[PDB]
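Heads up: the structure comes next, in structure tokens.
There are 6 protein chains.
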Amino acid sequence: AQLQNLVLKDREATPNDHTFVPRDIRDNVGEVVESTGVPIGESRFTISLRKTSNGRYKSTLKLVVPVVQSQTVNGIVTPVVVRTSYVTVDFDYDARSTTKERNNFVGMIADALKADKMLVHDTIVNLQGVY
Amino acid sequence: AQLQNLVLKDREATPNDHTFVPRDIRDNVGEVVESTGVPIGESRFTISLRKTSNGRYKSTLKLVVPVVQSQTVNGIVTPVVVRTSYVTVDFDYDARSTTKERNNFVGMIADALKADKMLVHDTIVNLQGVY
Amino acid sequence: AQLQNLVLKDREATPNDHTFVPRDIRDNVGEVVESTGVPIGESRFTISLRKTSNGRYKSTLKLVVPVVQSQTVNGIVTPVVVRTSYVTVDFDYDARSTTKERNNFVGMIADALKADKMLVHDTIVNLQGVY
Amino acid sequence: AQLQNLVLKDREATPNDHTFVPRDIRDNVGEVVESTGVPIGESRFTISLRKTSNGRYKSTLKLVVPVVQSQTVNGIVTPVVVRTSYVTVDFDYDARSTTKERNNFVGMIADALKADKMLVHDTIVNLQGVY
Amino acid sequence: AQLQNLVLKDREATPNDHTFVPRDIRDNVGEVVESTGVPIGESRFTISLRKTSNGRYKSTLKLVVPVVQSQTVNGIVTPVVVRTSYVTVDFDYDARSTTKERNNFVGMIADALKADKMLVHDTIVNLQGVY
Amino acid sequence: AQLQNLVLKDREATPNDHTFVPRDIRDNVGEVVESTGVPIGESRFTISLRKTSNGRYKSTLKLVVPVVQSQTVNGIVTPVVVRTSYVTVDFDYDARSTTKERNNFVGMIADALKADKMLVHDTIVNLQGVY
Ligand SMILES: [Ca+2]
Ligand SMILES: [Ca+2]
């Protein structure tokens, strides 16, 4: 788990590769960043792990992806952030857990984000509730 | 997004299907449950969406998967929970976001959980930190 | 030597020459600027040299390049500074260094700032971290 | 920018290649070294990147080359640093800067350090003041 | 260099390879561990290097090998630590030492820990005094 | 373990045998020396064993080899320690440890110090940090 590049595919027609390049490590918190030429609409992805005192392990993923549009004022073109989207995955394993257990766990909740899993998709994508 | 069945694949040799069946809806919070015959090691998955007052949408996914082993006491065999694993995904979109934006977003962070994405896997699965 | 002109090159397709002319030297800090007739948003380059109490020679270079665009207000077109880029090299030599050592030194640090010097460029130009 | 070899040239008659090799990364600071084995004789190159609190991007280069005469006696060597030279380039960009802009900036100040660029040379190499 | 794998050998009939993998590096203290999927009673090996204010290089190695056996409680088999063995080598070199000196040094101290090196073995292994 | 000769090898092209001979025992600390006659030039190996108050068993090794250039003038020699190197291995076992266990422990950390074991070598010999 050496801070390194992280590539994430999106759900575009023909999936694009978003390449997040490491930036730094503060307080045992890695940060990788997909940056376009201008470092303002840069999307950041952080990751961290810490072992609790009560014998547990807690991982924390954060992904931030802002949207930029060019705002024109008195002829002055300036790229700005019009809105941002945030997500935060939080794991909590028991210090006594086995690798397989953890793997399967991830795998499952991962498979839940899938686009065909209607129950969740119709919520985290199309903003519907449950009924 | 009608409360309904939710099937999640795990990362086993030849992936197993875990079928969570709806249980109820409390305060606009759905709950589906993969239950073995005995309702004690039942794994629960909850989902919810709420529109903030400040014009945002926040989804919240929770997956809980306990592990059960048979504890024998004075000849009395009893299945019990020896440890549990928890995860909590939290989305936060801007009320002005477009479907595509949201979709891609999900898709990306989803693709991050993937098993081959070393940066995160070596952390949320093998409990390594970053360096 | 005497405060005189200073020409710096671009990294533009066909490198443009930026001609800086003397402006003034205050407190033994030479300033030379590249500007059109107007004293606004002119790119400035300052140079200085001082001997330290501890017996060291220490000189300083500072280049400042503001980006100016035309801001139209009620038909009143005025050029204005949209943003600026700063850099400050600091040389500190030993009073016993030979011309060659010093020259070679500069030459190196110089070479380091370069289109192809990967390690460096990717950071001072692409603002990407080291890992 | 993964920590890797960085090679800088002299201004020696027939430019000598100084190959610095990665030593390590510490608190988000890369270090590459042109070493011989003994640490005090090591010429070291440093590099870092930070996103300032107030939204700017700064990166820092630092080169150090010590001069060291090694007295030999009956086969036993005694290295001694007799003088050292230091440089510290400090870039500071605006979060709205273009890749192109930055690049050009660098290239300009780069061009400033240079045998023929008189104004500068006579000072950062010949240690003459400005008048 | 970079925190990577580390394999250590037994002194068992047919020496077994103990493969330690990276876990994390906190406060510039690399840790690499040999463990099964579970984070308990894993043998840990840490390594670090620091430069002293007085101008010395000092690195530290620490190997910890807990002995784990299966503790059956009411049919609930759990692996647990019965006892642990600790060791801490401390190297302190002079900033003017040459690669050879240092290497040779290690090699010696190394040789000292050895099956046949009587004086030493009988004490660090048989816990018998010197007389 | 009766205080006796201890011979350690180099990592020199053709391994040189360093024969330390017993000097003495002081307050339960054995000392063996590779001497030439003059005490400051002596490379000395220390060794001890204690049963900690709280029932543990600790033994300690310490090796020291000074580098000393001896200036000769008209037949009169002037030795001078120009730099020294120190190591301190610290074992700590459990009163319930097996001979076998201990032995293996030693052999493992022993194996750690070693030309090919990269992670370690690059640090305890090449003085590189961990990243
Ligand atoms: Ca319904
Ligand atoms: Ca790293």
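Residue numbers (the numbering used here), protein chains in the order written: chain A, 1 to 131; chain B, 1001 to 1131; chain C, 2001 to 2131; chain D, 3001 to 3131; chain E, 4001 to 4131; chain F, 5001 to 5131.
Note that CB positions come from ideal geometry on N, CA and C, so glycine has one too.
Worksheet item: Smallest Cα separation from F/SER5085: which of E/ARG4050, E/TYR4093, E/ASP4111 and E/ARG4083?
Response: Here the question's residue 5085 of chain F lines up with position 85 in the sixth sequence. Residue E/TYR4093 is the option with its Cα nearest to F/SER5085.
Discussion item. Given this structure, state the Cα-to-Cα distance separating D/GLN3069 from D/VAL3081, to the nearest angstrom.
Written reply: For this step, residue 3069 of chain D is matched to residue 69 along the fourth sequence. For this step, residue 3081 of chain D is matched to residue 81 along the fourth sequence. Distance between the alpha carbons of D/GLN3069 and D/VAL3081 is about 7 Å.
Worksheet item: Is B/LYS1051 buried or exposed, if buried means 16 or more other CB atoms sit within 10 Å of its CB?
Response: By one-based count along the second sequence, residue 1051 of chain B stands at place 51. The residue in question, B/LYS1051, is exposed, as its Cβ has fewer than 16 Cβ neighbours within 10 Å.
Discussion item. Classify C/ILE2109: buried if its beta carbon has 16 or more other beta carbons within 10 angstroms, exposed otherwise.
Written reply: The sequence position of residue 2109 of chain C within the third sequence is 109, counting from 1. Buried, by the Cβ-count rule.
Discussion item. Going by DSSP, what residue range makes up the alpha helix (DSSP H) through B/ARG1102?
Written reply: The sequence position of residue 1102 of chain B within the second sequence is 102, counting from 1. B/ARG1102 -> alpha helix (DSSP H) spans 1099 to 1113.
Worksheet item: Just to check, is the beta-carbon of A/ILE47 closer than 7 Å to a non-hydrogen atom of ligand 2?
Response: Against the first sequence, residue 47 of chain A aligns to sequence position 47. For ligand 2, not one heavy atom lies less than 7 Å from the Cβ of A/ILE47.
Discussion item. Let me check you understand the geometry: is the CB of B/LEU1061 closer than 7 Å to at least one non-hydrogen atom of ligand 1?
Written reply: Here residue 1061 of chain B refers to the residue found at position 61 of the second sequence. No, the Cβ of B/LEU1061 stays beyond 7 Å of every heavy atom of ligand 1.
Practice prompt. Within the same chain, show all residues whose beta-carbon is closer than 8 Å to that of residue 2133 of chain C, passing over the 5 residues directly before and after it, in chain order.
Written response: Outside the displayed range of chain C (2001 to 2131) lies residue 2133 of chain C, so it cannot be described from this structure.
Worksheet entry | Segment contact flag, the region 4095 to 4102 of chain E with the region 3037 to 3049 of chain D, C-beta cutoff 8 Å, min 3 pairs | yes
Discussion item. Output needed for C/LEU2063: all residues of its chain with C-beta closer than 7 Å, excluding positions within five of it in sequence on either side, in chain order.
Written reply: If you number the third sequence from 1, residue 2063 of chain C lands on position 63. Cβ within range, chain order: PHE2045 and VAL2087.
Worksheet item: Closest by CA to A/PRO66, which one among B/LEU1113, B/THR1123 and B/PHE1105?
Response: Counting from one through the first sequence, the residue named residue 66 of chain A turns up at place 66. Of the listed residues, the one whose Cα sits closest to A/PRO66 is B/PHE1105.
Worksheet item: Are the CB atoms of F/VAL5130 and E/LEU4049 nearer to each other than 8 Å?
Response: Taking the first residue of the sixth sequence as 1, we reach residue 5130 of chain F at position 130. Taking the first residue of the fifth sequence as 1, we reach residue 4049 of chain E at position 49. In contact: F/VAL5130 and E/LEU4049 (Cβ atoms closer than 8 Å).
Worksheet item: What are the boundary residues of the beta strand (DSSP E) that includes D/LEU3008?
Response: Within the fourth sequence, residue 3008 of chain D is the residue found at index 8, counting from 1. 3006 to 3009 is the span of the beta strand (DSSP E), which, as asked, contains D/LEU3008.
Item to complete: Under 7 Å Cβ to Cβ from E/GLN4004, same chain only, skipping five residues before and after it: list those, please.
Response: Within the fifth sequence, the letter at position 4 stands for residue 4004 of chain E. Excluding positions up to five away in sequence, the list reads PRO4022.
Fill in: Any C-beta of chain E under 8 Å from that of F/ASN5104
Working through the sixth sequence from its first residue, we reach residue 5104 of chain F at position 104. Interface residue, yes.
Practice prompt. Give the DSSP-derived three-state secondary structure of A/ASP122 in the structure shown.
Written response: For the purposes of this step, residue 122 of chain A is taken as residue 122 along the first sequence, with counting starting at 1. Of the three classes helix, strand and coil, the one that applies to A/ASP122 here is helix, per DSSP.
Item to complete: With DSSP as the reference, please indicate the residues paired to E/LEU4063 in a beta bridge.
Response: By 1-based counting over the fifth sequence, the position of residue 4063 of chain E is 63. Answer is E/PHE4045 and E/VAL4087.
Worksheet item: Using a threshold of 7 Å, is the CB atom of B/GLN1002 nearer than that to any non-hydrogen atom of ligand 1?
Response: To locate residue 1002 of chain B, count along the second sequence from 1; it is residue 2. Yes, since a heavy atom of ligand 1 falls inside the 7 Å radius drawn around the Cβ of B/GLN1002.
Item to complete: Identify, in the order they occur along the chain, each residue of the same chain with its Cβ nearer than 8 Å to the Cβ of D/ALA3115, setting aside the five sequence neighbours on each side.
Response: Translated into the one-based positions of the fourth sequence, residue 3115 of chain D becomes position 115. So the list reads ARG3011 and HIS3121, once near-sequence residues are dropped.
Worksheet entry | Candidates D/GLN3071, D/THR3060 and D/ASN3016, of which the one nearest D/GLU3031 by Cα | Start at 1 with the first residue of the fourth sequence, and residue 3031 of chain D comes out as number 31. Ranking the options by Cα distance to D/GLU3031, first place goes to D/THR3060.
Practice prompt. Kindly say whether C/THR2123, judged by its beta-carbon, lies nearer than 8 Å to any beta-carbon of chain D.
Written response: What you label residue 2123 of chain C is simply residue 123 of the third sequence in a count that begins at 1. Chain D, which has a Cβ nearer than 8 Å to the Cβ of C/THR2123, makes this yes.
Discussion item. Only counting the same chain, and skipping five residues up and downstream in sequence, which positions put a Cβ closer than 7 Å to that of F/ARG5102?
Written reply: By one-based count along the sixth sequence, residue 5102 of chain F stands at place 102. Counting only Cβ-Cβ distances below 7 Å, and skipping sequence neighbours, we find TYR5093.
Worksheet item: Closer than 8 Å, Cβ to any Cβ of chain A: which residues of the region 2037 to 2055 of chain C, in chain order?
Response: none
Worksheet item: Bridge partners of F/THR5019, per DSSP?
Response: The residue labelled residue 5019 of chain F in the question sits at position 19 within the sixth sequence. The partner list for F/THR5019 (beta bridge, DSSP) reads F/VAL5007.
Discussion item. Give me, in chain order, the residues of the same chain whose beta-carbon lies closer than 7 Å to that of D/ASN3028; leave out the 5 immediate sequence neighbours on both sides.
Written reply: Here residue 3028 of chain D refers to the residue found at position 28 of the fourth sequence. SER3048.
Worksheet item: Smallest Cα separation from B/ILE1025: which of B/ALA1001, B/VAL1007 and B/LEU1008?
Response: Position 25 of the second sequence holds residue 1025 of chain B. Ranking B/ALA1001, B/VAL1007 and B/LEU1008 by Cα distance to B/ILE1025 puts B/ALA1001 first.
Worksheet item: Does E/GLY4075 come within less than 8 Å of chain F when only Cβ atoms are used?
Response: Taking the first residue of the fifth sequence as position 1, residue 4075 of chain E is located at position 75. E/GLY4075 does not count as touching chain F.
Item to complete: Compute the Euclidean distance between the alpha carbons of D/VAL3007 and C/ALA2112, then round it to the nearest angstrom.
Response: Stepping through the fourth sequence from its first residue, residue 3007 of chain D is reached at position 7. Stepping through the third sequence from its first residue, residue 2112 of chain C is reached at position 112. Going from the Cα of D/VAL3007 to the Cα of C/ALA2112 covers about 8 Å.
Worksheet item: How big is the Cα-Cα spacing for A/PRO79 and D/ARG3056?
Response: In the first sequence, the residue the question calls residue 79 of chain A occupies position 79. In the fourth sequence, the residue the question calls residue 3056 of chain D occupies position 56. Answer to the nearest angstrom: the Cα atoms are 15 Å apart.
Item to complete: Assign D/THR3123 to buried or exposed, taking buried as 16 or more other Cβ atoms, counted over all protein chains shown, within 10 Å of its Cβ.
Response: Numbered from its first residue, the fourth sequence carries residue 3123 of chain D at position 123. Classification of D/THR3123: buried, given that the 10 Å Cβ count is 16 or more.
Fill in: Contact set for E/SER4043: own chain, Cβ-Cβ below 8 Å, skip 5 residues either direction
As a first step, residue 4043 of chain E must be located in the fifth sequence, where it is residue number 43. Cβ within range, chain order: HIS4018, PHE4020, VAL4033, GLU4034, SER4035, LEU4063, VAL4064, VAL4065 and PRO4066.
Worksheet item: Hey, out of C/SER2053, C/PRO2015 and C/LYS2058, whose CA is closest to D/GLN3128's CA?
Response: For the purposes of this step, residue 3128 of chain D is taken as the residue at position 128 of the fourth sequence. With distances taken between Cα atoms, D/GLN3128 lies closest to C/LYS2058.
Practice prompt. From the DSSP output, in three-state form, read off A/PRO79 for me.
Written response: Position 79 of the first sequence, counted from the first residue, corresponds to residue 79 of chain A. Correct three-state label for A/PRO79: strand.
Item to complete: Taking the CB atoms as reference points, tell me whether D/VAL3073 and C/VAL2089 lie closer together than 8 Å.
Response: Within the fourth sequence, the letter at position 73 stands for residue 3073 of chain D. Within the third sequence, the letter at position 89 stands for residue 2089 of chain C. Going by C-beta atoms, D/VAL3073 is not nearer than 8 Å to C/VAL2089.
Item to complete: Name, going along the chain, the residues of the region 67 to 91 of chain A whose beta-carbon falls closer than 8 Å to a beta-carbon of chain D.
Response: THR78 and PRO79
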